[PDB]
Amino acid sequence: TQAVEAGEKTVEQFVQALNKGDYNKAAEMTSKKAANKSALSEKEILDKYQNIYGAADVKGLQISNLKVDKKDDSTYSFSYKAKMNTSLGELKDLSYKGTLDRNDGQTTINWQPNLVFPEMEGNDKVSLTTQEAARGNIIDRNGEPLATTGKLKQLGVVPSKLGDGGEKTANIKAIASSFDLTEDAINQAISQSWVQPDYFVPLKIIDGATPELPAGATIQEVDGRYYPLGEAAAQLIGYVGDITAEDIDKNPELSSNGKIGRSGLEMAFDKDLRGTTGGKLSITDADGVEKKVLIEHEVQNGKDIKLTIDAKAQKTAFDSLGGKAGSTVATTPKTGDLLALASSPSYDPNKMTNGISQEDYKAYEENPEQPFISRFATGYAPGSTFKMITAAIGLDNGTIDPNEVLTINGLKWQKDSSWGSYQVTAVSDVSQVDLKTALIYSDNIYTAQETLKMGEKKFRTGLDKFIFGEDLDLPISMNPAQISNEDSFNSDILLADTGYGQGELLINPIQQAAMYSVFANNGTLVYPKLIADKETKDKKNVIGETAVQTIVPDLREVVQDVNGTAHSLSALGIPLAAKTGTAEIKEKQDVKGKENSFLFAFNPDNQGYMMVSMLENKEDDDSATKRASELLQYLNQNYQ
């Protein structure tokens, strides 16, 4: 019994060293190379485990049902069921047998080939055949391609087959004139630090007919990942990159010869898109004759992913941002279908996946506007657009009378002198301000006063009925919205600042369209939806239906009134209920504060579409309302 317990320890330490990949440490736990003991030496056990387990990408060896007894005066037998992960999946229910040796003061494993795999004998080899699985596509709500796979021709000269003296300068002038390339551009690439005489320098990506090949040039077909919308959906869709040895060590079921999603939906849906690798892991004879198969699957290509995105709306929403920093979200507010998730500025996802230069990559990363950011999933303060929510909350708890007229003298206001150098600012100078006037002229002083009059307790009670703190069921990396940093404002300034969408509010554009959907569903919040086949989920009785029928007519006047902040949208001649907004931002790298311009708009007649757009750090004379005319035309004509 005293030695039977030590035998179970050496078996588990042997399994652990194999599981941890340290085959040398496991090999040093075996007995001497002899008959009825260890078949191979230590270094030969190391090389056999490193070759066989390395060929199959064996990882995560776990054993169970360990039983160790006694057979002779010094021979102990062990047995256990085992499972492991390979590049062909999980290899479960393995019956491993073996014997031990207790010669001196230690216990060693009488190593045999049957410990690499259950039924191995002597010079038994291990063969592994694999077939790559084609990556699935990503399509919009109408089947248009957003991320597809295709073959591309890779033109490239060979330095050794190009020439010697004079014949090199002639064959370079022909490999450049026949493919429409500047002649001075071939020498700068076939002379880089990585170039070798017998290598292949990839020149141009042919996208049509392959012309006559001069002396030195040769085509190379490569499977590529294409993005039709390009940068217009780069943040949402993401990109794929070459799979590295580190990726295979974390997940052996990947194809070391394929691609892996690095960001966006390509990474979120990497498993569904990449499929499963087909092939066969077998044991052969000493010559190569197949004995027993261990694993065998057929190749299963990845499943396509259909989104709620509109490919034409995604491109229009992105192009309307004109490369400036900002984001735009379009939904069908009654269902939650995310029609467009645009973020600007952006990066080239095709250039990102088909070989990106370190110069261009550093430009993307050092760009102060940060094109890599998915701005539709980044927490922002909603700005004075949030006056709708505060007003709706005020109408519900009986604080705000739509016909009561507050008197506001001047453009700056504060509760008293304790506020110091903080003052709520009104854009327009309007003395008599009611609820309809505050929404038309975008008056923050009215909202700040009504927020303080409402009180923090009533204000949070109405705010808590929304989606603050909730995790949206979306395949987009995202943090939940927050009202403030803590559960209590502990500040009348922060309370008033939060009233008109400033303060410590953090709500990303997707969460904004979710909260704002209550005005298109009679007070019911409809959760956003990115996957087309998913079921519509909602949250009823968020705000009172009376508040919706009181505010939406005012939001019509934000467009129709001659002094409405979105009056330029009446040029469209379409039914619009809108609400502009600005968020005052103060960052450290600048002395004067910045400003974020917002526009919320939806069709108040049919509730077919809803838009939430933002310009981050707006330039002068620029706004989100000025850039939304094109998208509103498309959404109104195609989503009724």
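Start at 1 and count along the sequence shown; that's the residue number.
- Of the two stretches examined, 106-114 and 344-352, the record assigns the greater average C-alpha temperature factor to 106-114.
- Judged by mean Cα B factor in the deposited record, 215-223 ranks above the other of 215-223 and 457-465.
- Remark: of 393, 294, 234, 172, 172 shows the highest value [criterion: C-alpha B-factor in the PDB entry].
- For the set 313, 203, 138, 338, the PDB entry assigns the largest Cα B-factor to 203.
- Among all modelled residues in this chain, the alpha-carbon of residue 78 has a temperature factor (C-alpha) in the highest third.
- In the deposited entry, the Cα temperature factor of residue 264 places it in the middle third of its chain's modelled residues.
- Split the chain's modelled residues into thirds by C-alpha temperature factor. Residue 193 is in the highest one.
- Ranked by Cα temperature factor within the chain, residue 580 sits in the lowest third according to the deposited record.
- Ranked by C-alpha B-factor against the other modelled residues of its chain, residue 94 falls in the highest third.
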